[PDB]
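Novice:
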Amino acid sequence: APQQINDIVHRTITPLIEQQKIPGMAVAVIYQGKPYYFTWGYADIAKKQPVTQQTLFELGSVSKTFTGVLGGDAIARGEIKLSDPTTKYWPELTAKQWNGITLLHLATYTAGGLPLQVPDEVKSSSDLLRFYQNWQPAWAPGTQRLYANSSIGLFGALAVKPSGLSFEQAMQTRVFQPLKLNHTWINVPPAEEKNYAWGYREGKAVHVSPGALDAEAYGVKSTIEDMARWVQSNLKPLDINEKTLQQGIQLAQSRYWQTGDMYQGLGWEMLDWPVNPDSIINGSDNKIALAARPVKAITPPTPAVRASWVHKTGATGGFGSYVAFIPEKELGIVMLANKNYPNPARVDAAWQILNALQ
Ligand SMILES: O=C(O)c1ccc(CCCNS(=O)(=O)c2ccsc2C(=O)O)cc1
């Protein structure tokens with residue numbers, strides 16, 4: 004814990020906790036590709052369990068980075084292509100709005116206005132089919148970006164189909180396990196319950212509720228230690244010994260689409276570094292992050308650019324997190340908190356810390 008890391012992290016996170024009234028938080032800074040951890044406050048207020056380096060947090064949409072990388076890995080394995088029609092892997096989707104909608108579109112929220120959430124009315128596999136069959140695009144495919152669980156959710160489920168494994172099984176065996184993320188979970192097991200923080204929403208203890216495509220779109224829980232390892236694995240995919248995985252991490256950080264200052268990868272979003280912090284800070288606020296935006300195609304996709312700020316925010320009703328790293332600088336940060344507080348606040352903190360270490 005170099006005193007300068009200590010200094011920036013404390014001067015930055017202390018007023019962040021106080022002003023946002025965050026009950027518990029873990030922060031990892033990756034500096035020169037080595038992790039340094041910081042924990043505050045409570046995993047469980049009622050039971051006075053402190054946040055530790057073992058506490059599980061719900062990642063929310065940061066789960067989409069795992070999804071984009073398990074997708075990338077299926078690509079590298081030869082099992083899927085992003086140029087393939089959604090219908091190759093779901094022939095029952097016969098409604099003709101599906102014509103022209105490829106897995107790149109599902110992955111990058113460019114299919115033509117798939118909604119943000121799957122309706123809670125959808126619980127069975129037949130219900131989900133019905134949902135996608137009935138859906139009417141607002142736009143032609145690859146013209147507009149609209150952030151959507153129902154979009155990258157479906158990417159995740161179709162992408163694992165030719166493996167013959169369930170999504171969770173594919174995730175575990177091709178991603179969590181080779182990267183040694185042994186306390187990262189889609190479903191948290193009884194033995195691990197004791198590490199599972201409560202989320203806090205209006206002062207009530209909550210956990211994520213089950214939902215269609217939850218695992219694929221918002222369903223990973225993880226510790227600050229594995230999340231640091233996750234950052235390290237995406238900072239330096241070339242130290243990854245597993246070829247399809249190292250290659251899927253590259254593919255998740257290719258640039259497929261640009262809107263304004265940002266580039267859409269698989270799960271990840273990227274901006275050229277040096278970035279203007281106003282750009283990433285303001286861009287992180289939801290009604291601009293969740294807004295319908297026109298995209299320009301990157302034809303062909305730019306391979307992972309090292310001088311990028313690569314990041315993803317994610318929330319559940321009781322959790323807020325953020326991951327950001329700069330490959331060229333070997334620098335990254337993870338921020339896990341068991342309160343959902345505004346995204347700008349998160350990115351603002353992350354940028355002040357990484358800027359000063361930059
Ligand atoms: O605490 C609970 O009971 C609960 C919380 C969130 C959910 C849904 C997760 C919301 N996160 S998301 O991926 O769907 C999303 C959507 C718009 S922004 C965003 C995010 O994670 O930042 C379900 C149950």
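Under the deposited numbering, think of the first position of the sequence shown as 4, with each following residue one higher.
We put the CB at the ideal spot given by N, CA and C, even for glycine.
(1) With a threshold of 7 Å (Cβ to nearest heavy atom), would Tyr-221 be considered close to ligand 1?
(2) Please return the same chain residues whose Cβ sits closer than 6 Å to the Cβ of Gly-116, not counting the five positions on each side in sequence.
(3) Report buried or exposed for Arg-349, applying the criterion of at least 16 other Cβ atoms within 10 angstroms of its Cβ.
(4) Return the Cβ separation of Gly-63 and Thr-319 in integer angstroms, given the expectation that the two are a contact with Cβ distance under 8 Å.
(5) Looking at the unbroken alpha helix (DSSP H) that takes in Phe-170, where does it start and where does it end?
(6) Leaving out five residues before and five after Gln-355 in sequence, what residues of the same chain have Cβ atoms less than 6 Å from its Cβ?
(7) Could you check where the beta strand (DSSP E) with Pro-38 kicks off and where it finishes?
(8) Okay, do the stretch 255-263 and the stretch 291-300 touch, 3+ Cβ pairs below 8 Å being the bar?
(9) Under the criterion of a Cβ to heavy atom distance below 7 Å, does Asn-289 qualify as lining ligand 1?
(10) Scan the stretch 165-210 and note each continuous beta strand (DSSP E) run of 3 residues or more that stays entirely inside, going in chain order.
(11) Pairing CB atoms from the stretch 94-107 with CB atoms from the stretch 177-189, are three or more of them under 8 Å?
(12) Measuring CB to CB, does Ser-311 end up less than 8 Å from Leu-357?
(13) Quick check on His-13: buried or exposed, where buried means 16 or more other Cβ atoms within 10 Å of its Cβ?
(14) Going by DSSP, which residues form a beta bridge with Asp-275?
(15) Return yes when the Cβ of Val-54 is within less than 8 Å of the Cβ of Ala-200, no when it is not.
(16) Can you tell me whether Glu-228 is buried or exposed, with buried defined as 16 or more other CB within 10 angstroms of its CB?
(17) For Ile-291, report the span of its alpha helix (DSSP H) as first-last.
(18) Out of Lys-37, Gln-52, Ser-66 and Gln-361, state which residue places its alpha-carbon closest to the alpha-carbon of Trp-43.
(19) Can you look up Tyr-259 in the DSSP assignment and give me helix, strand or coil?
Specialist: Taking the coordinates as given:
(1) yes
(2) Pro-140, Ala-141, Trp-142 and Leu-149
(3) buried
(4) 5 Å
(5) 170-174
(6) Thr-15
(7) 37-47
(8) yes
(9) yes
(10) 202-204 and 207-209
(11) no
(12) no
(13) exposed
(14) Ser-311
(15) yes
(16) buried
(17) 289-292
(18) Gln-52
(19) strand
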